[PDB]
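Contents: one structure, followed by commentary.
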Amino acid sequence: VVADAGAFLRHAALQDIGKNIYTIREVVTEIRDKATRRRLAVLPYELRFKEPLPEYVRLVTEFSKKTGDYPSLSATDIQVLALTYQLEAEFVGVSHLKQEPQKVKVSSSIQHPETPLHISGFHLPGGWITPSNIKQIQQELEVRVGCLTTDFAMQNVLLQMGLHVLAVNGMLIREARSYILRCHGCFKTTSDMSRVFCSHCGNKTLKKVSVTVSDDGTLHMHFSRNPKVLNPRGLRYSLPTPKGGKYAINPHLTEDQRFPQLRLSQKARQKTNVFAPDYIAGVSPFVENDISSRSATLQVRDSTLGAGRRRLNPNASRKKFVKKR
Amino acid sequence: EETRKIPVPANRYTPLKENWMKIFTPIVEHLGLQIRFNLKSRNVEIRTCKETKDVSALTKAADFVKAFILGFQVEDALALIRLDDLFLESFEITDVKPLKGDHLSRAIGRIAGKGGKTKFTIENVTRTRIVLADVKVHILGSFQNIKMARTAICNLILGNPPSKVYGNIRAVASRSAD
Amino acid sequence: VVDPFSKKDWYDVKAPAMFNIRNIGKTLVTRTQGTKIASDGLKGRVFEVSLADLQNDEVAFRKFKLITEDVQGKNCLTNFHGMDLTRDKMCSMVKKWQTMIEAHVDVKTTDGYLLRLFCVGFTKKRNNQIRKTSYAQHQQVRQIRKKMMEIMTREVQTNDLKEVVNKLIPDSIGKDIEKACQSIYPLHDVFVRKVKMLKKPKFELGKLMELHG
Amino acid sequence: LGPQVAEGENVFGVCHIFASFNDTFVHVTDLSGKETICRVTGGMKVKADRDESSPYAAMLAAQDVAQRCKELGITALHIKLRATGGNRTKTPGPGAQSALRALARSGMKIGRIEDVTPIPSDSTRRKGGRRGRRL
Amino acid sequence: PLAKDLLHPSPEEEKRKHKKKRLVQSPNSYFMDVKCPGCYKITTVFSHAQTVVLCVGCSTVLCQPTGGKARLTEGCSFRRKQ
RNA sequence: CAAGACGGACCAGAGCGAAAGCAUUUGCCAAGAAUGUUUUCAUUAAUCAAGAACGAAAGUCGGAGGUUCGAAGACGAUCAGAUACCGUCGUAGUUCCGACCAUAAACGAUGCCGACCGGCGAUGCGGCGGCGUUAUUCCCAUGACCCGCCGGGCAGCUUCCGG
Ligand SMILES: [Zn+2]
């Protein structure tokens, strides 16, 4: 029972479920959540710290770069993987695990990658969200040793190599359903769904591809056989000359170009929380907007705001009196 | 058990998809209601269950999700869940004044102002939230606050400059015993 | 001083045999006071009933107007008067980047009920489309409108109210229009949006019996 | 006094909630709609023309009309929300929302919510001039 | 830009251009020889023919006028002349 | 039930027209740009004093009609001085027919025709070339999408061409 940081973020109190609890210092000390550090001094102390061996982290990296997941992995992640590897090797016999895993099998469909399947509240033609089910919706929930990993990359490598891992649910998991980003220029796959530029060739070219991994160790990934996904419509447009200074915003063509620092003030990024015990004493129902600061005059916006505006093609026609920032 | 269904437009599908968990978590935890999103009819459907705590919570949920769909932020309709006396007046810009074409667009501009600042200024004086659909204006707040915001907005789209609007709305807020 | 509601009577009102749910509900009527007859007072009422209150399997965005025509001792039989769509549905159907095509016909059925049919249909953005708008040209729109007019004219003139109403409950007309108009331009959301009762023949009793049971 | 219906089945009424820009109207009728059971205006509760369109007046109207339906035996109501419509504003105001919330609060089952305002196909000329309306 | 051999452009480039904006004017049409499936009589038909043409020894339509190129009836064979 | 009115949402920096202007269905009438042509005429052209047609709204004559709105006008509120704002009603007018007037911020505050000088990809119409998905796999063409190209347009973005 090797606990990853995902169980600690989700308040997964599975300490009574297992007995061989082993954790890393750098998977518990980096968490900036206050409630986790609060409950850490409250939770019963039967977890213990263990260090992996350099040979086993070397082997774990050796087949993890054959799985095609090594750029997506992190150092403490490899610590967790090789810790579980060492525990299952030292307790259980080593003949269960298999190395140099299976090949991929390609089977595409007509469905869009943005089809809203496997969302709990979404239902095509009954799927309801009940307070009996709010504790149930975590993931695709299906003996002695296991993992408490929430990342798909960890589940992927642990299941390709062959360990039975589990979730916040007490029962061991069977299938892994998720999405990955694949470059369609260099054909390199990254398990990090947040990024937009690929690590290999750096173009803004990652696209979603669905991946399902069975309990045997066989993986199959579905592409989308849809002409809308691979369409060069809104891609070539005339670019402005690069401007410098403290105020210039650039069209963001590379993943690591140096942008000028344009942050928001504290009052500008306060969101009203309504379930605070002292919210009712507020003279206004809402947090007051910020108009006085210099960031308000410069029309500085959050990264989240204006997402569908970027998805419009620049070679189009907007409204006559509107200006796009 | 009874239910309410509310529709969603095409442009409001993605904000519903992104903020989905922040929508259905207070509906299912504090109110105790079943919720789903019918994709064929494109309707958010909320029904009462056996473990619903009290009546009129379904109407709170309907107001919450409808306010989110109209364009308000998820926190601003969580305010509708918690508070009692909050309402939604909405009206067309061409209602008070017959405007055609470009003039109408300029009216929209002076509801926003530069950078939206004028709009935010009203949100500081009337203590309300205001959402601009393409020809429509939605106000969320208390009744006298909604009326104050509506007078300010109608003063803006009859030609009055923002300075007179700020002065008048601050005077009215001063006499409002706030 | 005197409560006028002690002089009132509660009659039961029932749906025709076309629909699964019969019991529409209760109806208030003043008592017979010698001069005016209580049965004559309620003989010209229009009942607004949703389709969800008429059949369990069907959809709820359709409304039926029903005329009460006879009184059977605290029992009211209704006759079909009209059909309409929910305004919430109609508000949801009108999207911007598409073309709305509307048609209307004045058509007489076999048993003499002269009706007015309205049909609406929206242009559809297809599966692999990249363009924002899905506008159809004027001649294509005219051809679609024509095809609706002969479809409704053909499928009303040869039937009676039993078959017409049994067509309007699952909307065979809309699906037939959608199937037939695929050769001109693919359509998104086509329905018979409103049905009006222009003319009725002479009122009988055996017709209501065979319509109800 | 009331219908002779068992405790399982419920009877339906149609509550025309008409929230004009001066008061509110609560017109509870039969499913036919011809005969009125009750109608509580804003002006029947508050003795002030300033408070005529207040949500408090609509709340009191909804409470009194729900008491009237419980005295007769109406237990579930369909709702037809209305604004002034026509040339004027089409969207129902805060008074209609307050009345519906107060009527749902007082133990009454809600059926179908229907936004029936007299929306013109093509309007006549507006009440104000070319200058405008509402200050 | 600033270095273009206007005297000798590539044939793809001149084929792309408008027929009056070529270096030397040349039409986009031709004269096609059509053979009916029934008769053996060969007929010269202009590629953008505006009139409906009938076979001399068959009295059958060969092409139908359109906005641009006249479309051929089904079963007829055509060969471009030089 | 009737009366006159208005053609919302679809409605867009989309289209047409010399401009003012033009938005329910269908039928008729006479026009029009563009595109396509290895058709015909062979300079027949451009701008145009004099002169001639059209010309928003408001207004004036003769007829009809008056639903809404509504200048003037009548009241009601409001004040050291209010005689503009606000509320109710309402005349001419707003509607149609036939005669008048020729005026607008009748604006792109930018004459018309013709040539050359950077780039880009969206859209409307027409034409050309095409793997494919579709009309429940359509038996052939045809409509809708998709990818390029050319011509005329309504526009946009970008640029230290130069002003
Ligand atoms: Zn790449």
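Chain labels run A, B, ... following the order of the structure tokens; each chain numbers its residues from 1, and ligands are numbered from 1 in the order shown.
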Item checked: Near-residue D:71 list (12 Å; only C-alpha atoms (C1' of nucleotides); drop same-chain fewer than 2 positions) as a list in words -> residues 5 of chain C; 1, 2, 3, 37, 38, 64, 65, 66, 67, 68, 69, 73, 74 and 75 of chain D
Notebook entry, point to check: Counting only C-alpha atoms (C1' of nucleotides) and all ligand atoms, what residues are within 7 Å of ligand 1, given as JSON, numbers by chain?
Noted result: {"A": [183, 184, 185, 186, 187, 188, 198, 199, 200, 201, 202, 203, 205]}
Next item on the list: Extract, using only C-alpha atoms (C1' of nucleotides), all DNA, RNA and protein residues at most 9 Å from residue E:45, discarding same-chain residues fewer than 5 positions from it, and format them as JSON, numbers by chain.
Entry: {"E": [30, 31, 32, 33, 34, 53, 62, 63]}
Next item on the list: Define the interface residues of chain D facing chain F as those within 10 Å, counting only C-alpha atoms (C1' of nucleotides), and report them as a list in words.
Entry: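 In the required form, that comes to residues 87, 119, 120, 121, 122, 123, 124, 125, 126, 127, 128, 129 and 135 of chain D.
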Contact residues (chain C, partner chain F, 7 Å, only C-alpha atoms (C1' of nucleotides)) as a short mmCIF file (atom, residue, chain, number, x, y, z; two decimals) with N, CA and C atoms, in the first residue's frame:
data_model
loop_
_atom_site.label_atom_id
_atom_site.label_comp_id
_atom_site.auth_asym_id
_atom_site.auth_seq_id
_atom_site.Cartn_x
_atom_site.Cartn_y
_atom_site.Cartn_z
N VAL C 94 -34.83 28.71 -32.30
CA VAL C 94 -34.38 29.76 -33.20
C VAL C 94 -32.95 30.15 -32.86
N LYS C 96 -29.06 31.47 -34.46
CA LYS C 96 -28.74 32.56 -35.38
C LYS C 96 -28.24 32.05 -36.73
N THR C 99 -31.10 29.14 -41.35
CA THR C 99 -32.25 29.71 -42.04
C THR C 99 -33.53 29.05 -41.56
N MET C 100 -34.52 29.87 -41.21
CA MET C 100 -35.85 29.39 -40.84
C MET C 100 -36.76 29.41 -42.05
N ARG C 126 -23.74 20.63 -40.91
CA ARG C 126 -23.51 19.20 -41.03
C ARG C 126 -22.26 18.77 -40.26
N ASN C 128 -19.20 17.48 -40.97
CA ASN C 128 -17.83 17.84 -41.30
C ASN C 128 -17.70 19.31 -41.70
N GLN C 129 -18.70 20.13 -41.39
CA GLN C 129 -18.71 21.52 -41.82
C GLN C 129 -17.73 22.35 -41.01
N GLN C 182 -34.19 15.95 -47.64
CA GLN C 182 -32.75 15.71 -47.61
C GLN C 182 -32.11 15.90 -48.97
N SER C 183 -32.88 15.77 -50.05
CA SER C 183 -32.36 15.95 -51.40
C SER C 183 -32.18 17.41 -51.78
N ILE C 184 -32.73 18.34 -51.00
CA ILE C 184 -32.63 19.77 -51.29
C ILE C 184 -31.65 20.45 -50.34
N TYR C 185 -31.93 20.41 -49.04
CA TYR C 185 -30.93 20.86 -48.08
C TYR C 185 -31.23 20.14 -46.76
N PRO C 186 -30.22 19.61 -46.06
CA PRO C 186 -30.49 18.88 -44.81
C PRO C 186 -31.05 19.79 -43.72
#
Next item on the list: Looking only at strand (DSSP E or B) from DSSP on the backbone, list the matching residues of chain B as JSON, numbers by chain.
Entry: {"B": [3, 4, 5, 6, 7, 33, 34, 35, 36, 37, 38, 43, 44, 45, 46, 47, 48, 87, 88, 89, 90, 91, 92, 129, 130, 131, 132, 133, 136, 137, 138, 139, 140, 141]}
Next item on the list: For residue C:205, work out the shell of residues within 10 Å, counting only C-alpha atoms (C1' of nucleotides) and skipping chain neighbours fewer than 5 positions away, then give it as an NGL selection string.
Entry: :C and (69-70 or 210-211)
Could you list, with a cut-off of 8 Å and counting only C-alpha atoms, the residues of chain D near chain C, each shown with its nearest atom pair and the distance in Å rounded to one decimal, rows sorted by chain and ascending number, as CSV?
residue,atom,partner,partner_atom,distance
D:1,CA,C:6,CA,7.0
D:2,CA,C:10,CA,7.7
D:3,CA,C:10,CA,6.0
D:11,CA,C:25,CA,6.7
D:12,CA,C:25,CA,7.3
D:30,CA,C:27,CA,6.6
D:31,CA,C:47,CA,6.7
D:32,CA,C:47,CA,5.0
D:34,CA,C:45,CA,7.5
D:35,CA,C:28,CA,7.4
D:114,CA,C:88,CA,7.8
D:115,CA,C:87,CA,7.1
D:116,CA,C:87,CA,7.6
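Using only C-alpha atoms (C1' of nucleotides), one finds that the residues of chain E close to chain F, at 8 Å or less, are residues 16, 17, 18, 27, 29, 30, 48, 49, 50, 67, 68, 69 and 74 of chain E.
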Item checked: Distance filter 9 Å, only C-alpha atoms, chain B against chain D, as number ranges by chain -> B: 2-4, 55-57, 59-60, 85-92, 95-99, 143, 151, 154-155, 158
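Using only C-alpha atoms (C1' of nucleotides), one finds that the residues of chain B close to chain F, at 12 Å or less, are residues 101, 102 and 105 of chain B.
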Next item on the list: For chain A, list the residues within 10 Å of chain B, counting only C-alpha atoms, and write the list as a PyMOL selection string.
Entry: chain A and resi 116+119-134+271-275+279-280+283-292+296-300+307-308+319-322+325
Margin query: Which of stretch 1-187 of chain C end up as alpha helix (DSSP H) when DSSP is run on this backbone - answer as a VMD selection string?
Written below: chain C and resid 38 to 41 87 to 93 138 to 157 161 to 168 172 to 180
Note to self: List the spatial neighbours of residue C:53 as a VMD selection string - criterion: any atom at most 10 Å away, only C-alpha atoms (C1' of nucleotides), same-chain residues fewer than 5 positions off excluded.
What the structure shows: chain C and resid 19 to 24 58 to 60 63
Margin query: If we count only C-alpha atoms (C1' of nucleotides) and set the cut-off at 8 Å, which residues sit around residue A:209, ignoring sequence neighbours fewer than 4 positions away in its own chain? Please answer as a list in words.
Written below: residues 113, 179, 180, 181, 182, 221, 222, 223 and 224 of chain A
Next item on the list: Please determine the contact residues of chain F with respect to chain A at a cut-off of 7 Å, counting only C-alpha atoms (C1' of nucleotides), and supply them as a ChimeraX atom specification.
Entry: /F:13,120-122,156,158
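Pairwise distance (atom CA of residue A:48, atom CA of residue A:29) equals 13.9 Å.
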Using only C-alpha atoms, what table do you get, as a Markdown table, when you list each residue of chain C with an atom no more than 9 Å from chain B, its nearest pair of atoms, and their distance in Å rounded to one decimal, rows by chain then rising number?
| residue | atom | partner | partner_atom | distance |
| --- | --- | --- | --- | --- |
| C:88 | CA | B:7 | CA | 8.1 |
| C:89 | CA | B:7 | CA | 8.5 |
| C:92 | CA | B:7 | CA | 7.0 |
| C:95 | CA | B:10 | CA | 8.2 |
Export N, CA and C atoms of the chosen residues as an mmCIF file, in the first residue's frame?
data_model
loop_
_atom_site.group_PDB
_atom_site.id
_atom_site.type_symbol
_atom_site.label_atom_id
_atom_site.label_comp_id
_atom_site.auth_asym_id
_atom_site.auth_seq_id
_atom_site.Cartn_x
_atom_site.Cartn_y
_atom_site.Cartn_z
ATOM 1 N N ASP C 88 -41.051 28.117 -24.722
ATOM 2 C CA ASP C 88 -39.673 27.838 -24.325
ATOM 3 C C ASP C 88 -38.949 27.032 -25.396
ATOM 4 N N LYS C 89 -39.629 26.023 -25.949
ATOM 5 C CA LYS C 89 -39.058 25.237 -27.037
ATOM 6 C C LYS C 89 -38.822 26.086 -28.280
ATOM 7 N N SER C 92 -35.891 28.186 -27.840
ATOM 8 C CA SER C 92 -34.663 27.407 -27.945
ATOM 9 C C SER C 92 -34.333 26.990 -29.376
ATOM 10 N N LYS C 95 -31.988 29.521 -33.533
ATOM 11 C CA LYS C 95 -30.589 29.892 -33.418
ATOM 12 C C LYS C 95 -30.227 30.844 -34.557
#
Next item on the list: Name all residues at most 12 Å from stretch 67-74 of chain A (count only C-alpha atoms (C1' of nucleotides); drop same-chain ones fewer than 4 positions away) and give them as JSON, numbers by chain.
Entry: {"A": [26, 27, 57, 60, 61, 62, 63, 78, 79, 80, 81, 99, 100, 101, 102, 103, 104, 151, 152, 153, 154, 155, 156, 157, 158, 159, 160, 161, 180, 181, 182, 187, 188, 189, 190, 191, 192, 193, 194, 195, 198, 199, 200, 217, 218, 219]}
